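Chemist: Give me a 3D structure for the following:
(chains A, B, C, D, E and F, ligands or ions: 6)
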Amino acid sequence: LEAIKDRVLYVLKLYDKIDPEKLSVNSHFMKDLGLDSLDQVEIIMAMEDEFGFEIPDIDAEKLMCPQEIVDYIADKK
Amino acid sequence: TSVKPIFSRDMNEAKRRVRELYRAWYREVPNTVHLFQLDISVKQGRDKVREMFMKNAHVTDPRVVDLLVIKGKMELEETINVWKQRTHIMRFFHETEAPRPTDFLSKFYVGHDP
Amino acid sequence: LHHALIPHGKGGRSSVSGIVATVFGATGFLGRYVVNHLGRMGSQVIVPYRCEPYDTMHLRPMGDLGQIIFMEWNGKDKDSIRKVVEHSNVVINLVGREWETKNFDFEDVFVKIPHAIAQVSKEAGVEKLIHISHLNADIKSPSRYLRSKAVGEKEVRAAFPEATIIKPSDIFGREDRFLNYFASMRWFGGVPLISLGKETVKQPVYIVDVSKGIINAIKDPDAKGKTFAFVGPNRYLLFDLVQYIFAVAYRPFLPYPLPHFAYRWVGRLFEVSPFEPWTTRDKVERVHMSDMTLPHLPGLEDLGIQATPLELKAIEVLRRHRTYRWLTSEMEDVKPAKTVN
Amino acid sequence: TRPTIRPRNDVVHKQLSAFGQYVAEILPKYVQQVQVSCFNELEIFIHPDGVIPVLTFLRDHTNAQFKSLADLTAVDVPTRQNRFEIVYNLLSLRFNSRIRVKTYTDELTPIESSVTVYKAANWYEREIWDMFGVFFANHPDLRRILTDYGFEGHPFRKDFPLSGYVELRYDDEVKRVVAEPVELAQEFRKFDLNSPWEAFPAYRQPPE
Amino acid sequence: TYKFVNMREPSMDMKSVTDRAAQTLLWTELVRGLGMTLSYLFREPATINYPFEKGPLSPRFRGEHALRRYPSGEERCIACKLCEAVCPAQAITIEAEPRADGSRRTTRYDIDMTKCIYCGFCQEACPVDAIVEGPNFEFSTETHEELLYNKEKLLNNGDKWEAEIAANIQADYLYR
Amino acid sequence: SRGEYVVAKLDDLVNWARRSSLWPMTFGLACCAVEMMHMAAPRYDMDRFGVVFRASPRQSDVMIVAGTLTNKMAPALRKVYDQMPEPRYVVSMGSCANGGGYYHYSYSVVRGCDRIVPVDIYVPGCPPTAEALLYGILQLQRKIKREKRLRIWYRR
Ligand SMILES: CCCCCCCC/C=C\CCCCCCCC(=O)OC[C@H](COP(=O)(O)OCCN)OC(=O)CCCCCCC/C=C\CCCCCCCC
Ligand SMILES: NC(=O)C1=CN([C@@H]2O[C@H](COP(=O)(O)OP(=O)(O)OC[C@H]3O[C@@H](n4cnc5c(N)ncnc54)[C@H](OP(=O)(O)O)[C@@H]3O)[C@@H](O)[C@H]2O)C=CC1
Ligand SMILES: *P(=O)(O)OCC(C)(C)[C@H](O)C(=O)NCCC(=O)NCCSC(=O)CCCCCCCCCCCCC
Ligand code: SF4
Ligand code: SF4
Ligand code: SF4
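Modeler: Residues are numbered from 1 along each chain as shown, chains lettered A, B, ... in the order given. Ligands and ions are numbered 1, 2, ... in the order given. Provided below are the atomic coordinates:
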């Protein structure tokens, strides 16, 4: 899980709008980071390209936090 | 009641359709740049897609949202099949339009425009 | 202003901008871009041509009906100059060739013709004169091109005190000499450079930026008798610039140092062509010369134009020089070249 | 013998009236009105959702074999609430007759596609969409047919200007055709032609 | 009544079978086509020697426009704008004012020959036979601007073609 | 002088070949194209003058823009014109190609092919008769006759 979290944090830090300083594993995209739905969709697409699998729209709604993202990724192995 | 909806009924499913269309467009800008030999960047294309999506952010009627996503999907399928040329894709960018000022003083200077 | 010169419309193709401009030497790179911009504004344009009328066909679609008028003129004919500048309130001077012909030399095309145009323009009472010079216009430059450029600039300033003298650094574009000259050295095996090109610094300027600066200079009220230096945003060493050009063109890059006297001899050999030479001794001198820094002169940012970097528009020019293997390659693939700042 | 005036066909008028009564009786759920014009053209006005049942009946019924779809168009009437007026023209070869079916809709309400009844309805409904904006629900391939690629707006709406909003030209700076806002050299001269005197008292609208 | 274009079945007697087989082997219909082409070769061509020979026309032909005059020299147009109102393409622009002698004439009369559809409605709507569609049809140009005629150009055309226009009007006006 | 005489003879020879051999591209959009067929017809045979249709733009010298140039068609016309190699000439035919024609005030019509391509000859009419089109072709030929590329180059 450490590798998954490291990869997810590295991918998130490449996003321009997201500040690496304020980014944290438990930071809410909408609330803590102040983003909207489209930016979350772009992040989910970036994760899809990263870990090489498809995240449906239903599974793309329950990924508002990096902790939730890594938990979902580990869930799908 | 009794009002026929185009698709998706309430607003949440319409937003889901909007997100699906945005994903489809987002995963198409690199292919559009590669195929059409555009001089723009992929990041510029994604920014323009975001801008064209955001210029309808005030719509609150689900039927209008469904019609907008239908037209967007039509335009997306025109681009993938290369039915459009480089001309239309660059028409999306207004690369030759003169900058119309929006300040009152300049508008007064140039002409009688409101 | 006359009643026919009052601006009208929303600045479109069929509008009236109140600008009547005679564009000397409009059958060229900067000439065609400036004429296109004027026609897009919707101005009256007079294009004096001495070549075949076929070579001036591409200028017809650049303006609405009755906006582009073609007249025949001779360089050493003040009567023709007066005929073509009689009814225009703006005169734009872009005449210039990079080589010396049998009839016209650097002295003729850069001193006598610009001075005659300025003198006749003053007689006809034109309101604005724009004259194109070079950034490296030195009175004692190693290049006769730059010597004559400086002499003609002084003569034009003397003849027409209310002139605007533009000094672009180096124009790169689709029909340019710069990028095409550097990228056409694929045929001659390797790329010869003087001292490997480590001593030359250049900051080229975009053709569209130069044209927009010329256009805004006309519309700027307080640029009547000024001097402007049009330069790009980033300064490049010549070696890095050529390396980036070849990287974008996706061609093998084999630079080797060629001594200055040998390069001068090679340029002497290539200027014997009766047609347009591939390169000349003065062209070699201009390539070797670094771009002078003139911070006291105003520029594109002062006129109101943001300089366009080379990396953004380098693929419009160099995509033609690629092969079928690399034709579809994107712009982001090649990293930007190192700068000197 | 009144050579100027066109002759009239009472027999065909009566036949069309009888058939209109017949179809109205057979399909009362959707048929709202039946008219016979003075030049013997049967016309049926139905509810918008009855398109498929009414067309299938008129196509496959033994007494009404309208197997050929003559035309399919729409009329934009801005004053009406349901501005768009979908019109079907049908031809019966067996009985050597024609019929017209008219439904109503607006910009947002979809009309069920009749491609499952007539195959020409594919391109006809594509044209209707491209020209007016009427969306057809179940269509094999719905997209623009006549307008330019990426064209915005529907031209045949009565609120669409004649000259459009944009024009095309070749810009040498970008080495490609560009689209710019319309700017006519000579403005289209609108003519007020209607006379201020009533022409036909037979069509006089009551002052309520 | 109706007829079947292709419903004739072939015969099956031995003579016809042998004839069809000979046609299949020996290309009889191909030789017939060759013979027809050879006959057309040996005929006379129907090509005229333009421009030394001009194709036939009719007095009703509608070509280059013109403005006519009365025999006294006065213009025929009275600025009634019927041609402008009836022009399908709106290629005519007319502006008028009272003349110095009070006559109702035209100050601006413009025809855009690049917008005209050459339909003849202007000459049929003219109540004084002022505007006419003359016989000239060879007036091509190297520039767009010269195809935007005005009053002076149309009067010059009328003066140049007055004789032929008058002859055509005389020959055709009884049918109008 | 001798050089002037030589260049005059050479560029009179070169212009003669282009004048006497014209290969219009097979390109007709609307009703004006029928008059192109009637010019190709035996009555006014254009092959008599050395004018013969060729299909590919690469093997064509003259583009006879005959028809209405719509917005959906303009890019294709520009592309084929660009693909047509130099020297190239353009003959606008009919009112639609000249200006707007009957459809001047329309949302989907380009008013004049000269907005897209440099036009050398304008042939008026709706449609221009076969004689008018032939006269336009002959006028284009005579326009090519007075070109002096070598004479301009010699004095250049
Ligand atoms: C010196 C040069 C001579 C030039 C001759 C010019 C002939 C006319 C030129 C015009 C012809 C050019 C176009 C021809 C193209 C089409 C020709 C063609 O199709 O022929 C093939 C046609 C069959 O094709 P289809 O009928 O279309 O098959 C499909 C059936 N539904 O017939 C043929 O196969 C031709 C074969 C040649 C016939 C040979 C018959 C001779 C046999 C008898 C010889 C006996 C010798 C031995 C016996 C000795 C006894 C002692
Ligand atoms: N591009 C560059 O490298 C830079 C250029 N400049 C200056 O900008 C100006 C425009 O440059 P550019 O477009 O590249 O040059 P071009 O060679 O492309 O254009 C020169 C123009 O002048 C005409 N001309 C040349 N000689 C004569 C003559 N003897 N008499 C009359 N007309 C003549 C040519 O017409 P024709 O074909 O009929 O002979 C042509 O239209 C020049 O003054 C140049 O010095 C400044 C900085 C950089
Ligand atoms: P989050 O879900 O909180 O926020 C969603 C947004 C911001 C969209 C709004 O909150 C929202 O959903 N608003 C409701 C109104 C609405 O539906 N807006 C979106 C309409 S869909 C739409 O407009 C699609 C248009 C098609 C896109 C055109 C493509 C243009 C790009 C051309 C290519 C150029 C480069 C290749
Ligand atoms: S011939 Fe027809 S289109 Fe031409 S000017 Fe006359 S009325 Fe107008
Ligand atoms: S119809 Fe005849 S008289 Fe009337 S305005 Fe036209 S040309 Fe003049
Ligand atoms: S000018 Fe007339 S004949 Fe020619 S394409 Fe247009 S409508 Fe057809």
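Chemist: list the contacts for residue F:29?
Modeler: By Cβ atoms under 8 Å, 6 or more residues apart in numbering or on different chains, the contact set of residue F:29 is F:65-69, F:73. For every residue, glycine as well, the C-beta is placed using N, CA and C.
Chemist: Next up, the contacts around residue C:3.
Modeler: Contacts of residue C:3 (Cβ under 8 Å, 6+ apart): none.
Chemist: And it, how far from residue C:18?
Modeler: Here residue C:3 is placed at a distance of 11 Å from residue C:18 (Cβ to Cβ, to the nearest Å).
Chemist: one step back: from the contacts of residue F:29, which two are the most distant?
Modeler: F:66 and F:73 (12.8 Å; Cβ to Cβ).
Chemist: which of those two has more neighbours?
Modeler: The neighbour count for residue F:66 versus residue F:73, taken as other Cβ atoms under 10 Å in any protein chain shown, is higher for residue F:66 (27 against 18).
Chemist: Ramachandran angles for the more buried one?
Modeler: Taking degrees, to the nearest 10, you get phi -120, psi 100 for the backbone angles of residue F:66.
Chemist: With residue F:28 instead?
Modeler: According to degrees, to the nearest 10, residue F:28 has phi -140, psi 130.
Chemist: Just give the nearest non-adjacent residue to it, would you?
Modeler: For residue F:28, ignoring the flanking residues on the chain, the nearest one in space by Cβ to Cβ, 6 or more residues apart in numbering or on different chains is residue F:66 at 4.9 Å.
Chemist: Now do the same for residue 31: helix, strand or coil?
Modeler: Using chain A here. Assigned by DSSP: H, G, I helix; E, B strand; the rest coil, the conformation of residue A:31 is coil.
Chemist: So for the lengthiest helix in chain B, what gets flagged as buried?
Modeler: Ranked by residue count and defined by DSSP state H, the top helix of chain B is helix B:62-80. By 16 or more other Cβ atoms under 10 Å in any protein chain shown, the buried positions in helix B:62-80 come out as B:62-63, B:65-73, B:75-76, B:78-79.
Chemist: What is the helix or strand following that helix packed up against?
Modeler: Downstream of helix B:62-80, the next assigned helix or strand under DSSP states H and E is helix B:86-91. Judged by 3 or more Cβ pairs under 8 Å, 6 or more residues apart in numbering or on different chains; DSSP states H and E, helix B:86-91 is in contact with helix B:29-36, strand D:176-181.
Chemist: Pull the residues that contact helix B:86-91.
Modeler: Contacts of helix B:86-91 (Cβ under 8 Å, 6+ apart): B:32, B:36-38, B:79, D:149-150, D:174, D:176-179, F:75.
Chemist: tell me how far it is from the chain's mean position?
Modeler: Here helix B:86-91 is found 13 Å from its chain centre; the criterion is Cα atoms, centre = their mean, to the nearest Å.
Chemist: for the chain, what spans make up the helices?
Modeler: Assuming you mean chain A. Going by DSSP H, chain A shows helices at A:2-14, A:37-51, A:66-75.
Chemist: think we crossed wires, I meant chain F
Modeler: Assigned helices in chain F, in chain order: F:2-20, F:32-40, F:74-83, F:94-98, F:130-145, F:149-154 (criterion: DSSP H).
Chemist: And for the stretch 151-300 of chain C?
Modeler: Ranges of helices within the stretch 151-300 of chain C are C:178-183, C:207-219, C:238-249, C:260-270, C:281-288, C:300-303, based on DSSP state H, counting those that start in this stretch.
Chemist: okay, those in CSV with mean neighbour count next?
Modeler: Formatted as CSV, the helices of the stretch 151-300 of chain C follow (neighbours: other Cβ atoms under 10 Å in any protein chain shown):
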stretch, mean neighbour count
helix C:178-183, 20
helix C:207-219, 22
helix C:238-249, 22
helix C:260-270, 14
helix C:281-288, 20
helix C:300-303, 17
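Chemist: helices and strands around the lengthiest helix in chain D, which ones?
Modeler: Determined from DSSP H, the single longest helix within chain D is helix D:10-26. Under the contact criterion of 3+ Cβ pairs under 8 Å, 6+ apart, helix D:10-26 touches strand D:31-36, strand D:42-46, helix D:51-60.
Chemist: Need those in a markdown table (columns: mean neighbour count).
Modeler: Below are the helices and strands packed on helix D:10-26 laid out as a markdown table (neighbours: other Cβ under 10 Å):
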| stretch | mean neighbour count |
| --- | --- |
| strand D:31-36 | 16 |
| strand D:42-46 | 20 |
| helix D:51-60 | 18 |
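Chemist: Show me the one of these that comes nearest ligand 1.
Modeler: helix D:51-60 (41.3 Å; Cβ to the nearest ligand atom).
Chemist: got the contact list for the closest one?
Modeler: Taking Cβ under 8 Å, 6+ apart as the rule, helix D:51-60 contacts D:23, D:26-27, D:29-31, D:44, D:46, D:64-67, D:86, D:88, D:90, D:99, D:101, D:103, D:111-112, D:114, D:116-118.
Chemist: Tell me, how many residues neighbour residue B:102?
Modeler: Residue B:102 has 7 nearby residues by other Cβ under 10 Å.
Chemist: swap in residue C:297?
Modeler: Residue C:297 has 16 nearby residues by other Cβ under 10 Å.
Chemist: do you know how far it is from chain D?
Modeler: Plainly put, residue C:297 is 26 Å away from chain D if you go by Cβ to the nearest Cβ, to the nearest Å.
Chemist: secondary structure class for the residue in chain D sticking out farthest from the centre?
Modeler: The centre of chain D is farthest from one residue, residue D:173, which by Cα atoms, centre = their mean lies 44.4 Å away. Three-state call for residue D:173 (three-state DSSP): coil.
Chemist: so it sits right up against residue C:33, yeah?
Modeler: Yes. Applying Cβ atoms under 8 Å, one finds residue D:173 in contact with residue C:33, separated by 6.5 Å.
Chemist: Common neighbours of those two, please.
Modeler: C:208, C:211.
Chemist: Just give me the closest of the buried residues of helix B:62-80 to chain F.
Modeler: Nearest to chain F, judged by Cβ to the nearest Cβ, of the buried residues of helix B:62-80 is residue B:78 at 12.3 Å.
Chemist: My read is that the closest one contacts residue D:150, right?
Modeler: Yes. Using Cβ under 8 Å, residue B:78 is in contact with residue D:150, at 7.2 Å.
Chemist: Overlap of the contact sets of these two?
Modeler: Residues touching both residue B:78 and residue D:150 (Cβ under 8 Å, 6+ apart) are residue B:84.
Chemist: Touching, residue C:223 and residue C:163? I think so.
Modeler: No. Using Cβ under 8 Å, residue C:223 makes no contact with residue C:163, being 10.1 Å away.
Chemist: Tell me the residue of chain F that sits nearest chain C?
Modeler: For chain F, Cβ to the nearest Cβ, closest residue to chain C: residue F:118, 3.9 Å.
Chemist: where do the helices sit along the stretch 1-150 of chain C?
Modeler: Under DSSP H, counting those that start in this stretch, the stretch 1-150 of chain C gives helices at C:29-41, C:78-85, C:106-107, C:113-124, C:144-159.
Chemist: For residue C:310, which of the ones you listed is the nearest?
Modeler: The nearest among those, by Cβ to Cβ, is helix C:29-41 at 16.7 Å.
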